[PDB]
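Novice: Next comes the structure file query19.txt, holding compact mmCIF, N, CA and C atoms.
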# COMPACT_ATOMS: atom_id res chain seq x y z
N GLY H 457 -5.33 -7.09 16.80
CA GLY H 457 -5.54 -8.10 15.71
C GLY H 457 -4.41 -8.09 14.69
N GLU H 458 -4.66 -8.68 13.52
CA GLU H 458 -3.59 -9.00 12.54
C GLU H 458 -3.11 -7.94 11.57
N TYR H 459 -3.83 -6.82 11.41
CA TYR H 459 -3.27 -5.70 10.63
C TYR H 459 -2.19 -5.15 11.52
N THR H 460 -0.92 -5.19 11.08
CA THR H 460 0.13 -4.58 11.93
C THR H 460 0.58 -3.29 11.35
N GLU H 461 0.99 -2.39 12.23
CA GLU H 461 1.48 -1.06 11.87
C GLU H 461 2.79 -1.16 11.10
N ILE H 462 2.84 -0.50 9.97
CA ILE H 462 4.07 -0.34 9.22
C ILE H 462 4.51 1.11 9.28
N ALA H 463 5.80 1.32 9.04
CA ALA H 463 6.41 2.64 9.07
C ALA H 463 6.73 3.02 7.63
N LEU H 464 6.47 4.26 7.25
CA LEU H 464 6.69 4.72 5.86
C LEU H 464 7.93 5.59 5.85
N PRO H 465 8.73 5.57 4.77
CA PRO H 465 8.60 4.75 3.57
C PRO H 465 8.77 3.26 3.87
N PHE H 466 7.95 2.45 3.19
CA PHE H 466 7.85 1.03 3.36
C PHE H 466 8.03 0.30 2.03
N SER H 467 8.71 -0.84 2.05
CA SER H 467 8.66 -1.78 0.95
C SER H 467 8.58 -3.17 1.52
N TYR H 468 8.12 -4.08 0.68
CA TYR H 468 8.20 -5.53 0.91
C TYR H 468 8.37 -6.20 -0.42
N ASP H 469 9.28 -7.17 -0.46
CA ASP H 469 9.57 -7.94 -1.63
C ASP H 469 9.48 -9.39 -1.23
N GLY H 470 8.59 -10.10 -1.92
CA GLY H 470 8.47 -11.53 -1.74
C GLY H 470 7.07 -12.09 -1.84
N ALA H 471 7.02 -13.36 -1.58
CA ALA H 471 5.76 -14.08 -1.50
C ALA H 471 5.12 -13.94 -0.11
N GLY H 472 3.83 -14.15 -0.04
CA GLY H 472 3.13 -14.19 1.23
C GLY H 472 1.87 -13.36 1.16
N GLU H 473 1.11 -13.39 2.24
CA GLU H 473 -0.14 -12.64 2.36
C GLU H 473 -0.10 -11.91 3.68
N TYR H 474 -0.25 -10.58 3.63
CA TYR H 474 -0.11 -9.76 4.84
C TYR H 474 -1.17 -8.68 4.92
N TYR H 475 -1.43 -8.26 6.16
CA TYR H 475 -2.34 -7.22 6.48
C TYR H 475 -1.53 -6.14 7.23
N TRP H 476 -1.41 -4.98 6.61
CA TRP H 476 -0.70 -3.83 7.15
C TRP H 476 -1.62 -2.62 7.29
N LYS H 477 -1.30 -1.74 8.22
CA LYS H 477 -2.03 -0.50 8.36
C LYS H 477 -1.10 0.67 8.71
N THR H 478 -1.57 1.88 8.40
CA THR H 478 -0.87 3.14 8.71
C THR H 478 -1.87 4.30 8.60
N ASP H 479 -1.64 5.34 9.39
CA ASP H 479 -2.39 6.58 9.28
C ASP H 479 -1.48 7.67 8.69
N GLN H 480 -0.43 7.26 7.97
CA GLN H 480 0.59 8.20 7.52
C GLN H 480 0.66 8.46 6.01
N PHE H 481 -0.35 8.07 5.24
CA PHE H 481 -0.36 8.37 3.80
C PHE H 481 -0.38 9.90 3.63
N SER H 482 0.09 10.39 2.49
CA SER H 482 -0.10 11.78 2.13
C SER H 482 -1.57 12.03 1.79
N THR H 483 -2.09 13.13 2.28
CA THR H 483 -3.40 13.60 1.92
C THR H 483 -3.30 14.93 1.13
N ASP H 484 -2.11 15.26 0.61
CA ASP H 484 -1.90 16.59 0.00
C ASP H 484 -2.18 16.42 -1.48
N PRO H 485 -3.24 17.07 -2.02
CA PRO H 485 -3.61 16.87 -3.42
C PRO H 485 -2.55 17.41 -4.39
N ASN H 486 -1.65 18.25 -3.89
CA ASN H 486 -0.57 18.77 -4.70
C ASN H 486 0.76 18.08 -4.46
N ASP H 487 0.74 16.96 -3.75
CA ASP H 487 1.93 16.10 -3.72
C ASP H 487 1.84 14.97 -4.77
N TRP H 488 2.91 14.80 -5.52
CA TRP H 488 3.05 13.71 -6.45
C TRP H 488 4.22 12.77 -6.12
N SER H 489 5.00 13.06 -5.06
CA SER H 489 6.16 12.24 -4.69
C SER H 489 5.83 11.00 -3.87
N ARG H 490 4.71 11.01 -3.15
CA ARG H 490 4.36 9.95 -2.22
C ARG H 490 3.39 9.01 -2.90
N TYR H 491 3.90 7.90 -3.39
CA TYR H 491 3.14 6.97 -4.23
C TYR H 491 3.02 5.60 -3.53
N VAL H 492 2.11 4.77 -4.06
CA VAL H 492 2.05 3.35 -3.80
C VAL H 492 2.38 2.74 -5.13
N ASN H 493 3.31 1.79 -5.15
CA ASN H 493 3.59 1.08 -6.38
C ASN H 493 3.75 -0.41 -6.05
N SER H 494 3.43 -1.26 -7.01
CA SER H 494 3.60 -2.71 -6.86
C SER H 494 3.73 -3.35 -8.20
N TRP H 495 4.41 -4.48 -8.26
CA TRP H 495 4.47 -5.28 -9.43
C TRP H 495 4.50 -6.77 -9.10
N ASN H 496 4.06 -7.60 -10.05
CA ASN H 496 3.96 -9.04 -9.87
C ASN H 496 3.10 -9.54 -8.68
N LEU H 497 2.18 -8.72 -8.19
CA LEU H 497 1.29 -9.14 -7.11
C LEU H 497 0.01 -9.83 -7.59
N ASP H 498 -0.54 -10.69 -6.74
CA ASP H 498 -1.88 -11.19 -6.96
C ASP H 498 -2.86 -10.18 -6.42
N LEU H 499 -2.47 -9.43 -5.41
CA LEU H 499 -3.37 -8.43 -4.80
C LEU H 499 -2.66 -7.35 -4.02
N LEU H 500 -3.15 -6.13 -4.19
CA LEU H 500 -2.92 -5.08 -3.25
C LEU H 500 -4.19 -4.28 -3.11
N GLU H 501 -4.90 -4.50 -2.00
CA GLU H 501 -6.14 -3.81 -1.73
C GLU H 501 -5.86 -2.79 -0.63
N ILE H 502 -6.36 -1.58 -0.81
CA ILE H 502 -6.20 -0.54 0.18
C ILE H 502 -7.58 0.03 0.45
N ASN H 503 -8.06 -0.13 1.67
CA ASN H 503 -9.39 0.33 2.04
C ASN H 503 -10.46 -0.10 1.05
N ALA H 504 -10.49 -1.40 0.79
CA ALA H 504 -11.45 -2.01 -0.15
C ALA H 504 -11.53 -1.43 -1.58
N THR H 505 -10.44 -0.91 -2.10
CA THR H 505 -10.33 -0.64 -3.52
C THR H 505 -9.07 -1.40 -4.01
N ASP H 506 -9.14 -1.90 -5.24
CA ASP H 506 -8.05 -2.67 -5.88
C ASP H 506 -6.96 -1.74 -6.44
N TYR H 507 -5.74 -1.84 -5.91
CA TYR H 507 -4.56 -1.16 -6.46
C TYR H 507 -3.48 -2.15 -6.83
N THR H 508 -3.87 -3.34 -7.26
CA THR H 508 -2.91 -4.36 -7.65
C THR H 508 -2.05 -3.96 -8.88
N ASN H 509 -0.73 -3.94 -8.71
CA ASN H 509 0.20 -3.69 -9.81
C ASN H 509 -0.04 -2.35 -10.52
N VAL H 510 -0.37 -1.31 -9.76
CA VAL H 510 -0.52 0.03 -10.31
C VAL H 510 0.33 0.97 -9.49
N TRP H 511 0.66 2.11 -10.10
CA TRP H 511 1.28 3.21 -9.42
C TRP H 511 0.19 4.22 -9.17
N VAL H 512 0.05 4.70 -7.95
CA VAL H 512 -1.00 5.64 -7.65
C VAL H 512 -0.47 6.62 -6.62
N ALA H 513 -0.83 7.89 -6.77
CA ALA H 513 -0.47 8.90 -5.80
C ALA H 513 -1.29 8.70 -4.53
N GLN H 514 -0.66 8.79 -3.37
CA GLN H 514 -1.34 8.52 -2.12
C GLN H 514 -2.51 9.41 -1.86
N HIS H 515 -2.43 10.69 -2.26
CA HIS H 515 -3.58 11.59 -2.04
C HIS H 515 -4.82 11.17 -2.83
N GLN H 516 -4.69 10.22 -3.74
CA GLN H 516 -5.85 9.71 -4.46
C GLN H 516 -6.62 8.59 -3.71
N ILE H 517 -6.07 8.12 -2.59
CA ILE H 517 -6.67 7.07 -1.83
C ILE H 517 -7.19 7.62 -0.50
N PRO H 518 -8.51 7.75 -0.37
CA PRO H 518 -8.94 8.32 0.86
C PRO H 518 -8.79 7.34 2.02
N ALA H 519 -8.63 7.93 3.20
CA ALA H 519 -8.53 7.18 4.43
C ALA H 519 -9.88 6.64 4.83
N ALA H 520 -9.87 5.54 5.60
CA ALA H 520 -11.08 5.03 6.18
C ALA H 520 -11.60 6.07 7.18
N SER H 521 -12.77 5.85 7.78
CA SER H 521 -13.32 6.86 8.68
C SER H 521 -12.54 6.95 10.00
N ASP H 522 -11.77 5.92 10.36
CA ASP H 522 -10.90 6.01 11.54
C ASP H 522 -9.56 6.73 11.28
N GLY H 523 -9.36 7.21 10.05
CA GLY H 523 -8.14 7.93 9.68
C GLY H 523 -7.04 7.03 9.15
N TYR H 524 -7.30 5.73 9.04
CA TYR H 524 -6.27 4.76 8.67
C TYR H 524 -6.39 4.28 7.21
N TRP H 525 -5.30 3.72 6.69
CA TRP H 525 -5.29 2.97 5.46
C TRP H 525 -4.97 1.51 5.73
N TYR H 526 -5.83 0.62 5.26
CA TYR H 526 -5.72 -0.79 5.53
C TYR H 526 -5.36 -1.49 4.26
N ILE H 527 -4.27 -2.23 4.29
CA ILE H 527 -3.62 -2.71 3.11
C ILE H 527 -3.51 -4.24 3.17
N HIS H 528 -3.93 -4.90 2.10
CA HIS H 528 -3.94 -6.34 2.04
C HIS H 528 -3.10 -6.72 0.83
N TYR H 529 -1.99 -7.45 1.07
CA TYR H 529 -1.01 -7.79 0.05
C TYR H 529 -1.04 -9.27 -0.10
N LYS H 530 -1.00 -9.71 -1.35
CA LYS H 530 -0.81 -11.12 -1.64
C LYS H 530 0.06 -11.32 -2.85
N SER H 531 1.06 -12.17 -2.70
CA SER H 531 1.93 -12.61 -3.79
C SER H 531 2.26 -14.11 -3.69
N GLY H 532 2.18 -14.84 -4.80
CA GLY H 532 2.59 -16.25 -4.77
C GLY H 532 4.05 -16.41 -5.16
N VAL H 533 4.69 -15.32 -5.51
CA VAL H 533 5.96 -15.37 -6.17
C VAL H 533 6.97 -14.45 -5.48
N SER H 534 8.24 -14.84 -5.60
CA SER H 534 9.31 -14.11 -4.92
C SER H 534 9.54 -12.76 -5.49
N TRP H 535 9.15 -12.56 -6.76
CA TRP H 535 9.43 -11.33 -7.43
C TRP H 535 8.34 -10.28 -7.23
N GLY H 536 7.42 -10.56 -6.34
CA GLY H 536 6.41 -9.60 -5.99
C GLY H 536 7.01 -8.47 -5.22
N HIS H 537 6.51 -7.26 -5.44
CA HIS H 537 7.07 -6.05 -4.83
C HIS H 537 5.96 -5.06 -4.54
N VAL H 538 6.10 -4.37 -3.40
CA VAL H 538 5.32 -3.19 -3.09
C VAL H 538 6.21 -2.12 -2.48
N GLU H 539 5.91 -0.88 -2.81
CA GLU H 539 6.53 0.26 -2.19
C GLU H 539 5.47 1.30 -1.85
N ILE H 540 5.52 1.80 -0.62
CA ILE H 540 4.64 2.84 -0.13
C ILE H 540 5.52 3.93 0.46
N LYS H 541 5.67 5.03 -0.28
CA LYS H 541 6.58 6.11 0.13
C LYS H 541 6.09 6.88 1.36
Let me see whether you can do it: turn the structure in this file into structure tokens.

Specialist:
Amino acid sequence: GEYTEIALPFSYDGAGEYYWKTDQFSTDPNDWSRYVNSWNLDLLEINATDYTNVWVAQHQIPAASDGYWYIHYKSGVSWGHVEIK
């Protein structure tokens, strides 16, 4: 289906609506280097929690029960940005 595998570190800059997935987030509670960040987005949802335009450490986002992180990005504008280390 339409969630496609991305490789980390990952970024995307631009407009559009996409469904990405990965099982490669950090799960280490003592790591602070591996973040999700975004700006100027309409949406960044990861496993049904809202992380739109926030910086968050990856170990703070638990994986779904299949071990994956499912990410839904939406931007109407070219200056939209996401980074997933």

Novice: Which residues, written as a ChimeraX atom specification, have at least one atom at most 8 Å from residue 504 in chain H, with all atoms listed in the file counted and residues fewer than 2 positions away on the same chain left out?

Specialist: /H:500-502,506-507,525-528

Novice: Considering all atoms listed in the file, state which residue in the set H:529, H:523, H:459, H:468 is at the smallest distance from residue 480 in chain H.

Specialist: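 When distances to residue 480 in chain H are compared using all atoms listed in the file, the smallest one comes from H:523.
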
Novice: Quick one: of H:538, H:457, H:478, H:483, who's nearest to residue 516 in chain H, counting all atoms listed in the file?

Specialist: H:483

Novice: So how many Å separate atom N of residue 495 in chain H and atom N of residue 522 in chain H, to one decimal?

Specialist: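 Atom N of residue 522 in chain H lies at a distance of 26.8 Å from atom N of residue 495 in chain H.
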
Novice: Would you pick out the contacts of residue 533 in chain H at 5 Å or less, using only N, CA and C atoms, so that residues sharing its chain but fewer than 2 positions from it are not included, and give the list as a list in words?

Specialist: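 Counting only N, CA and C atoms, the residues come to residues 470, 471, 531, 535 and 536 of chain H.
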
Novice: Just want the 9 Å neighbourhood of residue 485 in chain H, counted on only C-alpha atoms, with same-chain residues fewer than 3 positions away dropped. Output as a compact mmCIF listing (two decimals) with N, CA and C atoms, in the coordinates of the input.

Specialist:
# COMPACT_ATOMS: atom_id res chain seq x y z
N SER H 482 0.09 10.39 2.49
CA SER H 482 -0.10 11.78 2.13
C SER H 482 -1.57 12.03 1.79
N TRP H 488 2.91 14.80 -5.52
CA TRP H 488 3.05 13.71 -6.45
C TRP H 488 4.22 12.77 -6.12
N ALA H 513 -0.83 7.89 -6.77
CA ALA H 513 -0.47 8.90 -5.80
C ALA H 513 -1.29 8.70 -4.53
N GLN H 514 -0.66 8.79 -3.37
CA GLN H 514 -1.34 8.52 -2.12
C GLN H 514 -2.51 9.41 -1.86
N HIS H 515 -2.43 10.69 -2.26
CA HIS H 515 -3.58 11.59 -2.04
C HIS H 515 -4.82 11.17 -2.83
N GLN H 516 -4.69 10.22 -3.74
CA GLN H 516 -5.85 9.71 -4.46
C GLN H 516 -6.62 8.59 -3.71

Novice: What residues in chain H get the DSSP label strand (DSSP E or B)? Please answer as a PyMOL selection string.

Specialist: chain H and resi 460-461+466-469+472-478+491-495+499-502+505-506+512-513+525-531+537-540

Novice: Could you work out how far atom C of residue 473 in chain H lies from atom C of residue 510 in chain H, giving the answer in Å with one decimal?

Specialist: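 Distance between the two atoms: 18.4 Å.
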